[PDB]
file coords.cif (mmCIF, N, CA, C and O atoms)
data_run
loop_
_atom_site.label_atom_id
_atom_site.label_comp_id
_atom_site.auth_asym_id
_atom_site.auth_seq_id
_atom_site.Cartn_x
_atom_site.Cartn_y
_atom_site.Cartn_z
N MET P 1 -12.77 2.27 0.16
CA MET P 1 -12.45 2.70 -1.15
C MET P 1 -11.80 1.55 -1.85
O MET P 1 -11.59 0.47 -1.30
N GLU P 2 -11.49 1.88 -3.11
CA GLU P 2 -10.93 0.89 -3.97
C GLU P 2 -9.51 1.36 -4.21
O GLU P 2 -9.16 2.54 -4.23
N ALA P 3 -8.73 0.29 -4.33
CA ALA P 3 -7.32 0.37 -4.50
C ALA P 3 -6.92 -0.71 -5.50
O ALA P 3 -7.59 -1.73 -5.67
N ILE P 4 -5.78 -0.39 -6.14
CA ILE P 4 -5.28 -1.24 -7.19
C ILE P 4 -3.75 -1.18 -7.15
O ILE P 4 -3.15 -0.13 -7.34
N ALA P 5 -3.18 -2.37 -6.91
CA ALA P 5 -1.73 -2.45 -6.90
C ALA P 5 -1.23 -2.23 -8.35
O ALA P 5 -1.63 -2.93 -9.28
N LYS P 6 -0.30 -1.28 -8.48
CA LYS P 6 0.28 -0.91 -9.77
C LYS P 6 1.61 -1.60 -10.07
O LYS P 6 2.00 -1.74 -11.22
N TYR P 7 2.30 -1.96 -8.98
CA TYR P 7 3.61 -2.62 -9.09
C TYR P 7 3.65 -3.68 -8.00
O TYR P 7 2.87 -3.65 -7.06
N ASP P 8 4.58 -4.64 -8.18
CA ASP P 8 4.65 -5.71 -7.19
C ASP P 8 5.21 -5.13 -5.88
O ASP P 8 5.93 -4.14 -5.91
N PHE P 9 4.75 -5.69 -4.74
CA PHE P 9 5.26 -5.17 -3.45
C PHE P 9 5.48 -6.31 -2.47
O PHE P 9 4.73 -7.28 -2.35
N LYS P 10 6.60 -6.09 -1.79
CA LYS P 10 7.21 -6.99 -0.84
C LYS P 10 7.35 -6.34 0.55
O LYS P 10 8.30 -5.59 0.75
N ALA P 11 6.44 -6.67 1.50
CA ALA P 11 6.56 -6.04 2.85
C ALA P 11 7.98 -6.17 3.43
O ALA P 11 8.74 -7.09 3.14
N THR P 12 8.25 -5.18 4.30
CA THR P 12 9.55 -5.04 4.95
C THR P 12 9.45 -5.15 6.48
O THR P 12 10.44 -5.33 7.17
N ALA P 13 8.19 -5.08 6.96
CA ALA P 13 7.96 -5.18 8.40
C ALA P 13 6.58 -5.77 8.68
O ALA P 13 5.71 -5.90 7.82
N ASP P 14 6.47 -6.05 9.98
CA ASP P 14 5.33 -6.65 10.66
C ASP P 14 3.99 -5.89 10.44
O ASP P 14 2.93 -6.50 10.40
N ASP P 15 4.11 -4.55 10.28
CA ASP P 15 2.91 -3.73 10.12
C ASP P 15 2.45 -3.52 8.66
O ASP P 15 1.39 -2.95 8.40
N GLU P 16 3.27 -4.07 7.76
CA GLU P 16 3.06 -4.00 6.31
C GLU P 16 2.70 -5.40 5.78
O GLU P 16 3.04 -6.43 6.35
N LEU P 17 2.03 -5.34 4.62
CA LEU P 17 1.61 -6.56 3.92
C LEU P 17 1.91 -6.45 2.41
O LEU P 17 1.92 -5.38 1.82
N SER P 18 2.15 -7.65 1.85
CA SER P 18 2.50 -7.84 0.45
C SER P 18 1.29 -7.85 -0.48
O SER P 18 0.13 -8.01 -0.11
N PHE P 19 1.69 -7.70 -1.75
CA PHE P 19 0.78 -7.79 -2.88
C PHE P 19 1.63 -8.01 -4.12
O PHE P 19 2.85 -8.09 -4.07
N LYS P 20 0.89 -8.17 -5.22
CA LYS P 20 1.51 -8.35 -6.51
C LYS P 20 0.75 -7.39 -7.39
O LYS P 20 -0.44 -7.16 -7.21
N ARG P 21 1.53 -6.89 -8.34
CA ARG P 21 1.00 -5.95 -9.31
C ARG P 21 -0.34 -6.45 -9.94
O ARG P 21 -0.35 -7.31 -10.81
N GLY P 22 -1.45 -5.85 -9.44
CA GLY P 22 -2.79 -6.17 -9.90
C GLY P 22 -3.82 -6.37 -8.77
O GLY P 22 -5.01 -6.20 -9.01
N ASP P 23 -3.34 -6.71 -7.54
CA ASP P 23 -4.25 -6.95 -6.43
C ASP P 23 -5.30 -5.85 -6.26
O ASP P 23 -5.06 -4.66 -6.46
N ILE P 24 -6.46 -6.36 -5.83
CA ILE P 24 -7.63 -5.54 -5.53
C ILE P 24 -7.57 -5.41 -4.01
O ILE P 24 -7.72 -6.39 -3.28
N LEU P 25 -7.36 -4.16 -3.58
CA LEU P 25 -7.19 -3.87 -2.16
C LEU P 25 -8.37 -3.08 -1.63
O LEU P 25 -9.05 -2.34 -2.34
N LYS P 26 -8.54 -3.31 -0.32
CA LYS P 26 -9.60 -2.69 0.44
C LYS P 26 -9.01 -1.60 1.30
O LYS P 26 -8.38 -1.88 2.30
N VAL P 27 -9.32 -0.34 0.97
CA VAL P 27 -8.65 0.68 1.76
C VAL P 27 -9.48 0.95 3.05
O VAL P 27 -10.53 1.58 3.05
N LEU P 28 -8.90 0.39 4.13
CA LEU P 28 -9.41 0.47 5.50
C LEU P 28 -8.61 1.52 6.29
O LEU P 28 -7.79 1.18 7.14
N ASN P 29 -8.90 2.80 5.98
CA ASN P 29 -8.28 3.96 6.63
C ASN P 29 -7.10 4.45 5.78
O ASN P 29 -6.50 3.70 5.01
N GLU P 30 -6.87 5.77 5.95
CA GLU P 30 -5.82 6.52 5.26
C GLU P 30 -5.69 7.93 5.92
O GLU P 30 -6.15 8.93 5.39
N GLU P 31 -5.03 7.99 7.09
CA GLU P 31 -4.91 9.32 7.73
C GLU P 31 -3.80 9.18 8.81
O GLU P 31 -4.03 9.00 9.99
N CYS P 32 -2.56 9.22 8.32
CA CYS P 32 -1.46 9.03 9.28
C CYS P 32 -0.13 9.06 8.58
O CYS P 32 0.89 9.39 9.16
N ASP P 33 -0.19 8.70 7.28
CA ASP P 33 1.03 8.72 6.51
C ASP P 33 0.68 8.94 5.05
O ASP P 33 0.17 8.11 4.33
N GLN P 34 1.01 10.19 4.67
CA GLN P 34 0.88 10.64 3.34
C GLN P 34 2.12 9.97 2.73
O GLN P 34 3.21 10.51 2.85
N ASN P 35 1.87 8.83 2.07
CA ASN P 35 2.86 7.96 1.45
C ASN P 35 2.48 6.47 1.67
O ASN P 35 2.99 5.61 0.95
N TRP P 36 1.57 6.20 2.64
CA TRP P 36 1.13 4.83 2.97
C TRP P 36 -0.41 4.79 3.17
O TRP P 36 -1.04 5.80 3.47
N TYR P 37 -0.98 3.59 2.92
CA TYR P 37 -2.41 3.31 3.11
C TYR P 37 -2.50 1.97 3.83
O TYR P 37 -1.68 1.09 3.64
N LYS P 38 -3.54 1.91 4.67
CA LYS P 38 -3.84 0.71 5.41
C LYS P 38 -4.98 0.04 4.63
O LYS P 38 -6.04 0.62 4.45
N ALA P 39 -4.70 -1.20 4.16
CA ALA P 39 -5.70 -1.87 3.36
C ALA P 39 -5.76 -3.36 3.69
O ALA P 39 -4.95 -3.88 4.44
N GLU P 40 -6.79 -4.00 3.08
CA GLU P 40 -7.01 -5.42 3.30
C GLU P 40 -6.80 -6.21 2.02
O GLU P 40 -7.32 -5.90 0.95
N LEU P 41 -6.07 -7.31 2.26
CA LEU P 41 -5.68 -8.33 1.31
C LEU P 41 -5.24 -9.64 1.96
O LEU P 41 -4.50 -9.69 2.94
N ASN P 42 -5.70 -10.69 1.26
CA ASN P 42 -5.26 -12.04 1.56
C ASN P 42 -5.52 -12.54 3.00
O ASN P 42 -4.82 -13.41 3.50
N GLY P 43 -6.57 -11.95 3.61
CA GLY P 43 -6.96 -12.30 4.97
C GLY P 43 -6.15 -11.54 6.03
O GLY P 43 -6.12 -11.91 7.20
N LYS P 44 -5.47 -10.48 5.54
CA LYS P 44 -4.63 -9.62 6.35
C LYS P 44 -4.91 -8.16 6.02
O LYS P 44 -5.55 -7.83 5.03
N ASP P 45 -4.34 -7.33 6.91
CA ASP P 45 -4.44 -5.89 6.80
C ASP P 45 -3.09 -5.28 7.27
O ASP P 45 -2.51 -5.70 8.26
N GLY P 46 -2.63 -4.28 6.48
CA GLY P 46 -1.35 -3.64 6.78
C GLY P 46 -1.09 -2.48 5.83
O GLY P 46 -1.85 -2.22 4.91
N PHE P 47 0.06 -1.82 6.10
CA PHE P 47 0.47 -0.68 5.30
C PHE P 47 1.09 -1.12 3.96
O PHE P 47 1.76 -2.14 3.84
N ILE P 48 0.80 -0.24 2.98
CA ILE P 48 1.25 -0.37 1.60
C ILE P 48 1.56 1.05 1.09
O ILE P 48 0.86 1.98 1.46
N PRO P 49 2.57 1.22 0.19
CA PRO P 49 2.89 2.57 -0.28
C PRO P 49 1.97 3.10 -1.39
O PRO P 49 1.67 2.39 -2.33
N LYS P 50 1.64 4.42 -1.29
CA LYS P 50 0.73 4.97 -2.30
C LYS P 50 1.42 5.07 -3.67
O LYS P 50 0.74 4.89 -4.66
N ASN P 51 2.76 5.30 -3.74
CA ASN P 51 3.32 5.36 -5.10
C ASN P 51 3.31 4.00 -5.84
O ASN P 51 3.46 3.96 -7.05
N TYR P 52 3.04 2.91 -5.07
CA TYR P 52 2.95 1.58 -5.66
C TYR P 52 1.50 1.22 -6.08
O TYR P 52 1.30 0.21 -6.73
N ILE P 53 0.52 2.05 -5.65
CA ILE P 53 -0.89 1.78 -5.99
C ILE P 53 -1.55 3.08 -6.54
O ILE P 53 -0.99 4.16 -6.53
N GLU P 54 -2.79 2.85 -7.02
CA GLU P 54 -3.68 3.87 -7.54
C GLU P 54 -5.05 3.59 -6.92
O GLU P 54 -5.53 2.46 -6.84
N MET P 55 -5.61 4.69 -6.42
CA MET P 55 -6.91 4.67 -5.79
C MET P 55 -7.95 4.81 -6.90
O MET P 55 -7.70 5.21 -8.03
N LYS P 56 -9.14 4.47 -6.42
CA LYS P 56 -10.35 4.45 -7.19
C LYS P 56 -11.41 4.78 -6.12
O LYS P 56 -12.14 3.91 -5.65
N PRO P 57 -11.44 6.11 -5.74
CA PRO P 57 -12.36 6.64 -4.73
C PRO P 57 -13.73 6.36 -5.17
O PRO P 57 -13.78 6.10 -6.37
N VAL A 1 10.88 -1.44 -13.61
CA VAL A 1 11.55 -0.94 -12.41
C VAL A 1 10.54 -0.03 -11.68
O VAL A 1 10.25 1.07 -12.15
N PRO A 2 9.94 -0.56 -10.58
CA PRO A 2 9.03 0.25 -9.81
C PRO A 2 9.71 1.40 -9.04
O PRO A 2 10.91 1.39 -8.79
N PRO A 3 8.85 2.39 -8.68
CA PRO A 3 9.28 3.56 -7.92
C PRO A 3 10.02 3.30 -6.59
O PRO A 3 9.89 2.25 -5.97
N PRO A 4 10.77 4.35 -6.12
CA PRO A 4 11.43 4.30 -4.82
C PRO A 4 10.29 4.46 -3.79
O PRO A 4 9.53 5.42 -3.83
N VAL A 5 10.23 3.46 -2.91
CA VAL A 5 9.18 3.41 -1.89
C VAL A 5 9.42 4.56 -0.91
O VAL A 5 10.57 4.93 -0.67
N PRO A 6 8.33 5.19 -0.41
CA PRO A 6 8.52 6.25 0.54
C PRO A 6 9.17 5.80 1.82
O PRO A 6 9.06 4.65 2.23
N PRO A 7 9.80 6.79 2.51
CA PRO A 7 10.36 6.46 3.81
C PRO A 7 9.14 6.27 4.72
O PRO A 7 8.44 7.23 5.01
N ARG A 8 8.89 4.99 5.12
CA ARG A 8 7.77 4.82 6.05
C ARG A 8 8.38 5.25 7.34
O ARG A 8 9.59 5.12 7.54
N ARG A 9 7.47 5.78 8.15
CA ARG A 9 7.71 6.34 9.43
C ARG A 9 7.71 7.82 9.17
O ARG A 9 8.62 8.35 8.56
N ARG A 10 6.65 8.46 9.63
CA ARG A 10 6.86 9.91 9.53
C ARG A 10 7.87 10.32 10.63
O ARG A 10 8.88 11.01 10.47
#
call {"tool": "encode", "arguments": {"input": "coords.cif", "output": "structure tokens"}}
result
Amino acid sequence: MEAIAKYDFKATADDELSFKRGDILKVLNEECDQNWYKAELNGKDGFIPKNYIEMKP
Amino acid sequence: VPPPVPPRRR
């Protein structure tokens, strides 16, 4: 799916990854935390919060 | 001012 960073984000742990308000993210799974999505960016993959992004199913 | 990030870790 398609994802779009809405606000800037700064990872807090090893399993999370950063972005900046505007990144085009690759949603690689979403079934484990209603509040987080696993997506791809910048040659990495990690958790990001859903209230910081907007999907584009 | 962005939103309060969810508590990660269910």
call {"tool": "closest_residue", "arguments": {"input": "coords.cif", "among": "P:26, P:38, P:50, P:44", "to": "chain A", "atoms": "only C-alpha atoms"}}
result
P:50
call {"tool": "atom_distance", "arguments": {"input": "coords.cif", "atom1": "CA of residue 25 in chain P", "atom2": "CA of residue 3 in chain P"}}
result
4.8 Å
call {"tool": "interface_residues", "arguments": {"input": "coords.cif", "of": "chain P", "to": "chain A", "cutoff": "6 Å", "atoms": "only N, CA, C and O atoms", "output": "list in words"}}
result
residues 32, 35 and 51 of chain P
call {"tool": "resolve_selection", "arguments": {"input": "coords.cif", "expression": "the PyMOL selection byres (((chain P and resi 48 and name CA) around 9) and name CA)", "output": "ChimeraX atom specification"}}
result
/P:9,11,16-19,35-39,46-47,49-50,52-53
call {"tool": "residues_around", "arguments": {"input": "coords.cif", "residues": "residue 21 in chain P", "least_positions_apart": "3", "cutoff": "5 Å", "atoms": "only N, CA, C and O atoms", "output": "PyMOL selection string"}}
result
chain P and resi 5-9
call {"tool": "residues_around", "arguments": {"input": "coords.cif", "residues": "range 55-57 of chain P", "least_positions_apart": "4", "cutoff": "7 Å", "atoms": "only C-alpha atoms", "output": "MDAnalysis selection string"}}
result
chainID P and resid 1:4
call {"tool": "atom_distance", "arguments": {"input": "coords.cif", "atom1": "CA of residue 43 in chain P", "atom2": "atom C of residue 10 in chain P"}}
result
16.1 Å
call {"tool": "atom_distance", "arguments": {"input": "coords.cif", "atom1": "CA of residue 15 in chain P", "atom2": "CA of residue 42 in chain P"}}
result
14.5 Å
call {"tool": "select_by_dssp", "arguments": {"input": "coords.cif", "residues": "chain P", "states": "strand (DSSP E or B)", "output": "ChimeraX atom specification"}}
result
/P:2-5,9,16,19,24-27,36-41,44-49,53-56
